[PDB]
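The next block holds one structure in the form of structure tokens; read it before the comments.
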Amino acid sequence: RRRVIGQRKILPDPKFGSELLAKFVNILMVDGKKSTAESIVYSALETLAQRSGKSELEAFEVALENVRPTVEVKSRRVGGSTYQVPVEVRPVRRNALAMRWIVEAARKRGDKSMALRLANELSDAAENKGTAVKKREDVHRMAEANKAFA
Amino acid sequence: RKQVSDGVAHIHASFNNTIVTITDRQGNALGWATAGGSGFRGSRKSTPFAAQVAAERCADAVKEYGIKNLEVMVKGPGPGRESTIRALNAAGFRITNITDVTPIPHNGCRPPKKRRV
Amino acid sequence: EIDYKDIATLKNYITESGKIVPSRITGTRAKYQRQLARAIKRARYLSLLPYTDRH
Amino acid sequence: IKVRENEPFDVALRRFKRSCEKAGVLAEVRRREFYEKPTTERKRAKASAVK
RNA sequence: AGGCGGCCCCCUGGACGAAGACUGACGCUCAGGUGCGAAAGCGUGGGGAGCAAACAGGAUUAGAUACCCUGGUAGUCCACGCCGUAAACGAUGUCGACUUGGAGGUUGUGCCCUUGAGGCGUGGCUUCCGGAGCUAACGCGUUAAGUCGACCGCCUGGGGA
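Chains as they are written, first to last, in the deposited numbering: chain AG, 2 to 151; chain AK, 12 to 128; chain AR, 19 to 73; chain AU, 3 to 53.
Set out below in structure tokens:
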């Protein structure tokens, strides 16, 4: 329906003053145990502090700056046929897209603590050096190249 | 071998197909491309990009001839004509005359009796 | 009227593409539209107008 | 007078108003006598100008 | 009636009206009789581009004997002949006569104090609404399914025919 959100407001991180670090713990946490996620955020930043050339205060933002697309491909029905169309990636999602991919990667991993599973993906999330890892972005590379019918 | 600067282009654009061929003043074809050969099929073979990728390759197929001045003969009802002519004018060619020559039935041979669309 | 094969008159009853203009855009009665169509069709058999501007 | 341009041409110019399919030939033929009977509501002509 | 179109020429059928002329009921209908195909088919002989039953090739699919698609015979065309076929369905057999309005077009024929870039009578054709009256109902509606004379055919459950 129509008379719906939008985006509900969230309160920014009390220690860092950031709304990205507030959304990050909300999607990172599991079974609503946000208190454990508050021990994983910044604890996963241990090996990134000196390695960040934007300084520590952008050592996580850098992994979200790596990917900021304008369109994504979707496969949608027009009748008895189903075709690939480009849909807009708005400012509200443009900064939260890669954040959602990094937590999935860490949850799908199974070695060390969670604060080390998260650090494995975050170490390469602005380097992209691994094999078959940029297949992640084919859903936006196929969108900046959509032809469809007009 | 030797540049001419002048030619005549034959474009067919239908709701199911797009064909682009470039000829000289006497009807000798200097380059030819098809949207099927540019990797588009079915109804999508009529699309403004499927036409562009064939028009660009047909202009590239006359790149040895140094074309600058053009007259155009257009066939078929398909909307791709203005975007095709632009995708070809993007090769540096100026189009000084456009003429439609579609076989919209005059026609010869048997008249069809089935219905349309 | 007065020798029908006047191509300057016949060119005033066709489009830029040489098609016969419909009776409603000239205000012409059907009595005359059919005879004007016969005149335009006969003018092709006088070689004063092409059968289609395509050829 | 829709197309009227000969020789050089650009963009679409296919979609026009008046003559061919409504205002006032072709289409609406199911209305039949609506093409004659309504007189001054639907028919301007009358002579003295453009027949 | 079926139908018939393309351009030019020669020949040629039928329709329609006004003021008069001519025969002087010479007229109307009509069992049988004599005549006329849109198509498909057959028959004697040609002809094969276009399209295509049949049949093949490939697909789709449960299968696809259909659509799609690469081919293709007969037929379509012609000099013609035979048949009488159909939604030959605009469902109105052929003749005669009386009646109520309008919007619109055409074709005769006769008029107009034509300040019209035209108008109005009166016949033929003729589209679509609409009053009476008829029908169960749609509607017919002055070119009647109203009204009423003349002539010739047809009708009286369906399955089976």
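A virtual CB, placed ideally from N, CA and C, is assigned to each residue, including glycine.
Closest by C-alpha distance to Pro116 (chain AK), out of AK:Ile96, AK:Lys86, AK:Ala98, is AK:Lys86. Taking 8 Å as the cut-off, the beta carbon of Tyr76 (chain AK) is found closer than this to the beta carbon of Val15 (chain AK). Legend: CB atoms of the stretch 42 to 65 of chain AR lying less than 7 Å from CB atoms of chain AU belong to residues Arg42, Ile43, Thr44, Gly45, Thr46. Taking CB atoms only, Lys136 (chain AG) has no neighbour in chain AK less than 8 Å away.
Contact annotation: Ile11 (chain AG) and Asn27 (chain AG) have beta-carbon atoms nearer than 8 Å. Put simply, of AK:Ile96, AK:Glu82, AK:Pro122 the residue whose alpha carbon is nearest the alpha carbon of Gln37 (chain AK) is AK:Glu82.
Within the same chain, and ignoring the five residues on either side of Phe26 (chain AK) in sequence, the residues whose Cβ sits closer than 6 Å to its Cβ are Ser57, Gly89.
For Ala151 (chain AG), the nearest beta carbon of chain AK is closer than 8 Å to its own beta carbon.
For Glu19 (chain AR), there are no neighbours in chain AU by C-beta distance under 9 Å, as the nearest C-beta there is about 15 Å away. Contacts with chain AK at 8 Å (Cβ-Cβ) include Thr70 (chain AR).
At least 8 Å separates the CB of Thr29 (chain AK) from every CB of chain AG.
Under a criterion of Cβ atoms nearer than 7 Å, the residues of chain AK adjacent to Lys148 (chain AG) are, in order, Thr58, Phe60. Pairing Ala64 (chain AG) with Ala127 (chain AG) gives a Cβ-Cβ distance under 8 Å. In the three-state scheme derived from DSSP, where H, G and I count as helix and E and B as strand, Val19 (chain AK) is classed as strand. With the rule of 3 Cβ pairs closer than 8 Å, the stretch 19 to 28 of chain AU does not count as touching the stretch 46 to 57 of chain AR. At least one C-beta of chain AR is nearer than 8 Å to the C-beta of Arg6 (chain AU). For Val31 (chain AK), same chain residues with a beta-carbon under 6 Å away, outside a window of 5 residues either side, are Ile22, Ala44, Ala65, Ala66, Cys69 in chain order.
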